[PDB]
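Asker: For reference, the structure I am asking about is given below.
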Amino acid sequence: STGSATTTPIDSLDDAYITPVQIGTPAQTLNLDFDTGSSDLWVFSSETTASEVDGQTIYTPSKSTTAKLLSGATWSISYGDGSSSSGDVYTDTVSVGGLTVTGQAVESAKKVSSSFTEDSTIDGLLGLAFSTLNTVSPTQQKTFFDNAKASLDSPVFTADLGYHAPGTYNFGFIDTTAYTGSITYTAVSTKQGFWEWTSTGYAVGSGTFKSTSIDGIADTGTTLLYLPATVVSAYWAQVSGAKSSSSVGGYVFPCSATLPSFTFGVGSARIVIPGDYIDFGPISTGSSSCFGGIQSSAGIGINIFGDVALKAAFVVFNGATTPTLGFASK
């Protein structure tokens, strides 16, 4: 089997991407944030505290003939941005792009933090990291990918995120029309439960490539590119008037600037992030200070190749017995 679904930016900045997902029988379609940095499929639901719902579409298990309470199971998750959610668990049929999994754990939110409530466009998350990070207790649950894997034509999914445009998540096949050149594969460590890999270095603009190992995760659920402070300082030093602002919470730059590109290494291959991908626009409406898309990871504890980086590539998440990542230009 295979599946193919379009993923759409939630706003003009590409802050996140939503992908429609069918849950239950008859189908209830929710727009979920596919997150390769977490491992829970959770939704706004009929159980979510009413004051914490503001415009989201909810899953109502009582209207699904295939829903079953997963008795005693609870979940609770905290994300790197300080957001959180928790609740109870149903199993139900879940389809993405024509690929169906029966008995998928659908984590029903009873509580969500303010950032979720305030984002009316995101109806929940669909985690695509390794199932070792799933938060369901007392019986940990599998991701949609892990449940689908054995049925897929190939044990893979691919992320093809757009810059200010829709893109695609495919499951079970590699669309050889979706990228240019060849795919470079690189080793993955699953020790922390992430798609963790080591970049071979970077360049700023037309500068020379610096060969250096940068361990980090491929995380579709993170907007920006978070890298070591040395790398980030080297990038922003090439932008007149850029500075790190403790008041704003990262590097800002004059909105009048033209940003340089940023290149990262994947083995001997190179992925180039155009400068415009690094512009996240005014820090507040009407400001002439703009927020940068490359930020320091120093206060995180891990480097994160988030959407800024991933949308410059066609990315293969290879879930074979020995997992690997692949990157191609596009």
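Scheme for the structure tokens: letters A, B, ... for chains in order shown; per-chain residue numbers from 1; ligand numbers from 1 in order shown.
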List the spatial neighbours of residue 62 (chain A) as a PyMOL selection string - criterion: any atom at most 12 Å away, only C-alpha atoms, same-chain residues fewer than 6 positions off excluded.

Answerer: chain A and resi 24-26+28+45-47+68-69+90+92+108

Asker: Take the residues that were just selected and, keeping C-alpha atoms, output them as a tab-separated table (two decimals), in the first residue's frame.

Answerer:
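Result file part-v2.tsv:
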chain	number	residue	atom	x	y	z
A	24	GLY	CA	-13.26	7.15	12.41
A	25	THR	CA	-16.30	5.80	10.63
A	26	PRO	CA	-17.86	7.72	9.00
A	28	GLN	CA	-14.04	12.81	10.53
A	45	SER	CA	-11.92	16.33	20.67
A	46	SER	CA	-15.42	16.34	22.21
A	47	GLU	CA	-13.52	15.78	25.51
A	68	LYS	CA	-13.05	2.02	21.14
A	69	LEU	CA	-11.81	3.46	24.45
A	90	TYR	CA	-9.25	5.67	21.76
A	92	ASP	CA	-9.90	3.99	15.66
A	108	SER	CA	-8.06	12.60	22.70

Asker: Which residues, written as a list in words, have at least one atom at most 8 Å from residue 31 (chain A), with only C-alpha atoms counted and residues fewer than 2 positions away on the same chain left out?

Answerer: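 Close residues of residue 31 (chain A): residues 18, 19, 20, 21, 29, 33, 57, 121, 122, 123 and 124 of chain A.
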
Asker: Write out as JSON, numbers by chain each polymer residue whose atoms come within 12 Å of residue 12 (chain A), counting only C-alpha atoms; drop sequence neighbours fewer than 2 positions from it.

Answerer: {"A": [8, 9, 10, 14, 15, 16, 17, 162, 163, 164, 165, 166, 277, 279, 280, 281]}

Asker: Which one of A:135, A:288, A:242, A:72 sits closest to residue 256 (chain A) if you count only C-alpha atoms?

Answerer: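 Looking at the shortest contact to residue 256 (chain A), the residue is A:288.
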
Asker: Pick the closest to residue 260 (chain A) from A:315, A:304, A:298, A:204: which is it, counting only C-alpha atoms?

Answerer: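 The closest residue to residue 260 (chain A) is A:204.
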
Asker: If you take only C-alpha atoms and a cut-off of 10 Å, which residues of region 29-126 of chain A touch region 136-139 of chain A, and what are their nearest atom pairs and distances in Å to one decimal, in chain and number order, as CSV?

Answerer:
residue,atom,partner,partner_atom,distance
A:39,CA,A:136,CA,9.8
A:40,CA,A:136,CA,8.0
A:70,CA,A:139,CA,9.6
A:72,CA,A:138,CA,7.7
A:73,CA,A:137,CA,5.5
A:74,CA,A:137,CA,5.5
A:75,CA,A:136,CA,4.5
A:76,CA,A:136,CA,7.4
A:77,CA,A:136,CA,9.2
A:86,CA,A:136,CA,9.7
A:87,CA,A:136,CA,9.4
A:88,CA,A:136,CA,8.5
A:89,CA,A:136,CA,8.0
A:105,CA,A:136,CA,9.0
A:107,CA,A:136,CA,8.2

Asker: Between A:97, A:201, A:267, A:103, which residue has the minimum interatomic distance to residue 168 (chain A), considering only C-alpha atoms?

Answerer: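 The closest residue to residue 168 (chain A) is A:97.
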
Asker: Find, counting only C-alpha atoms, the residue in A:250, A:216, A:98, A:274 that gets nearest to residue 169 (chain A).

Answerer: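 The closest residue to residue 169 (chain A) is A:98.
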
Asker: Counting only C-alpha atoms, what are the residues of region 103-182 of chain A within 7 Å of region 186-199 of chain A, and for each of them which pair of atoms is the nearest and at what distance in Å, to one decimal? Sort the table by chain and rising number, as JSON lines.

Answerer:
{"residue": "A:129", "atom": "CA", "partner": "A:194", "partner_atom": "CA", "distance": 5.4}
{"residue": "A:130", "atom": "CA", "partner": "A:193", "partner_atom": "CA", "distance": 5.0}
{"residue": "A:132", "atom": "CA", "partner": "A:193", "partner_atom": "CA", "distance": 5.9}
{"residue": "A:133", "atom": "CA", "partner": "A:193", "partner_atom": "CA", "distance": 5.7}

Asker: Could you check the closest approach to residue 211 (chain A) for each of A:259, A:125, A:269, A:224 and tell me which residue wins, using only C-alpha atoms?

Answerer: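 Counting only C-alpha atoms, the residue closest to residue 211 (chain A) is A:269.
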
Asker: List the spatial neighbours of region 49-51 of chain A as a PyMOL selection string - criterion: any atom at most 9 Å away, only C-alpha atoms, same-chain residues fewer than 5 positions off excluded.

Answerer: chain A and resi 109-112+117

Asker: Now that the selection is made, can you save its residues with N, CA, C and O atoms as a tab-separated table (two decimals), in the first residue's frame?

Answerer:
chain	number	residue	atom	x	y	z
A	109	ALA	N	-7.53	14.88	23.41
A	109	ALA	CA	-7.13	15.89	24.39
A	109	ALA	C	-8.28	16.21	25.33
A	109	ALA	O	-9.36	16.55	24.89
A	110	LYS	N	-7.96	16.19	26.61
A	110	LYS	CA	-8.83	16.81	27.62
A	110	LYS	C	-8.34	18.22	27.89
A	110	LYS	O	-9.20	19.08	28.20
A	111	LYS	N	-7.05	18.47	27.79
A	111	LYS	CA	-6.46	19.78	28.09
A	111	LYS	C	-5.43	20.07	27.01
A	111	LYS	O	-4.72	19.16	26.62
A	112	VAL	N	-5.38	21.33	26.60
A	112	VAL	CA	-4.31	21.81	25.70
A	112	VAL	C	-3.81	23.14	26.26
A	112	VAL	O	-4.62	23.87	26.87
A	117	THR	N	-4.70	26.35	21.74
A	117	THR	CA	-6.02	27.00	21.66
A	117	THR	C	-6.00	28.15	20.66
A	117	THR	O	-6.93	28.33	19.89

Asker: Please list as a list in words every residue within 8 Å of residue 37 (chain A), counting only C-alpha atoms and excluding residues in the same chain fewer than 5 positions away.

Answerer: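 Returned residues: residues 127, 128, 129, 194, 195, 217, 218, 219, 220, 221 and 222 of chain A.
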
Asker: Mind listing the strand (DSSP E or B) residues of region 24-126 of chain A, per DSSP on the backbone, as an mmCIF file with C-alpha atoms, in the first residue's frame?

Answerer:
data_model
loop_
_atom_site.group_PDB
_atom_site.id
_atom_site.type_symbol
_atom_site.label_atom_id
_atom_site.label_comp_id
_atom_site.auth_asym_id
_atom_site.auth_seq_id
_atom_site.Cartn_x
_atom_site.Cartn_y
_atom_site.Cartn_z
ATOM 1 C CA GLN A 28 -14.042 12.809 10.531
ATOM 2 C CA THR A 29 -11.410 14.894 8.713
ATOM 3 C CA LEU A 30 -9.030 16.843 10.969
ATOM 4 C CA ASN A 31 -6.086 18.948 9.844
ATOM 5 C CA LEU A 32 -3.026 17.679 11.731
ATOM 6 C CA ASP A 33 0.504 18.939 12.081
ATOM 7 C CA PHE A 34 2.753 16.057 10.970
ATOM 8 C CA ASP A 35 5.664 16.124 13.409
ATOM 9 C CA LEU A 41 -1.194 11.302 17.348
ATOM 10 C CA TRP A 42 -3.417 13.572 19.404
ATOM 11 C CA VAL A 43 -6.490 15.576 18.501
ATOM 12 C CA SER A 45 -11.922 16.329 20.674
ATOM 13 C CA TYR A 59 -12.855 14.431 16.865
ATOM 14 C CA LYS A 68 -13.052 2.023 21.142
ATOM 15 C CA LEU A 69 -11.814 3.457 24.452
ATOM 16 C CA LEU A 70 -8.314 2.171 25.202
ATOM 17 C CA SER A 71 -9.286 1.525 28.793
ATOM 18 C CA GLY A 72 -7.002 3.040 31.423
ATOM 19 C CA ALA A 73 -4.655 4.666 28.950
ATOM 20 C CA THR A 74 -3.642 8.304 29.383
ATOM 21 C CA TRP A 75 -1.143 10.577 27.735
ATOM 22 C CA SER A 76 0.611 13.851 28.474
ATOM 23 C CA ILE A 77 3.170 15.631 26.336
ATOM 24 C CA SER A 78 5.347 18.729 26.569
ATOM 25 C CA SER A 84 1.561 20.814 26.169
ATOM 26 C CA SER A 85 -1.541 18.655 25.972
ATOM 27 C CA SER A 86 -2.953 15.587 27.713
ATOM 28 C CA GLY A 87 -5.935 13.282 27.800
ATOM 29 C CA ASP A 88 -7.194 9.767 27.241
ATOM 30 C CA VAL A 89 -6.988 7.353 24.308
ATOM 31 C CA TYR A 90 -9.246 5.670 21.760
ATOM 32 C CA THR A 91 -8.329 3.260 19.037
ATOM 33 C CA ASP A 92 -9.895 3.994 15.663
ATOM 34 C CA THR A 93 -9.327 3.760 11.929
ATOM 35 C CA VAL A 94 -7.028 6.499 10.604
ATOM 36 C CA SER A 95 -6.343 7.211 6.949
ATOM 37 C CA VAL A 96 -3.778 9.557 5.415
ATOM 38 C CA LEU A 99 -3.415 4.751 3.396
ATOM 39 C CA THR A 100 -5.511 3.231 6.183
ATOM 40 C CA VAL A 101 -4.445 1.916 9.585
ATOM 41 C CA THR A 102 -6.935 0.111 11.772
ATOM 42 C CA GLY A 103 -6.542 0.149 15.534
ATOM 43 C CA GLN A 104 -4.462 3.348 15.578
ATOM 44 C CA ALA A 105 -4.174 5.028 18.986
ATOM 45 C CA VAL A 106 -5.936 8.390 18.709
ATOM 46 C CA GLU A 107 -5.064 10.434 21.795
ATOM 47 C CA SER A 108 -8.058 12.598 22.696
ATOM 48 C CA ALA A 109 -7.127 15.887 24.387
ATOM 49 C CA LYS A 110 -8.832 16.807 27.622
ATOM 50 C CA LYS A 111 -6.462 19.781 28.088
ATOM 51 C CA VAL A 112 -4.307 21.806 25.701
ATOM 52 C CA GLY A 124 -3.842 18.138 16.534
ATOM 53 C CA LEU A 125 -0.515 16.475 15.818
ATOM 54 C CA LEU A 126 0.482 13.314 14.046
#

Asker: Go ahead and compute the interatomic distance for CA of residue 299 (chain A) and CA of residue 115 (chain A), in Å to one decimal.

Answerer: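 Atom-to-atom, CA of residue 299 (chain A) to CA of residue 115 (chain A), that is 20.2 Å.
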
Asker: Using CA of residue 114 (chain A) and CA of residue 5 (chain A) as the two end points, give the distance in Å to one decimal.

Answerer: 28.3 Å

Asker: Here is a test: counting only C-alpha atoms, which residue of A:252, A:156, A:13, A:23 is nearest to residue 324 (chain A)?

Answerer: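 Counting only C-alpha atoms, the residue closest to residue 324 (chain A) is A:156.
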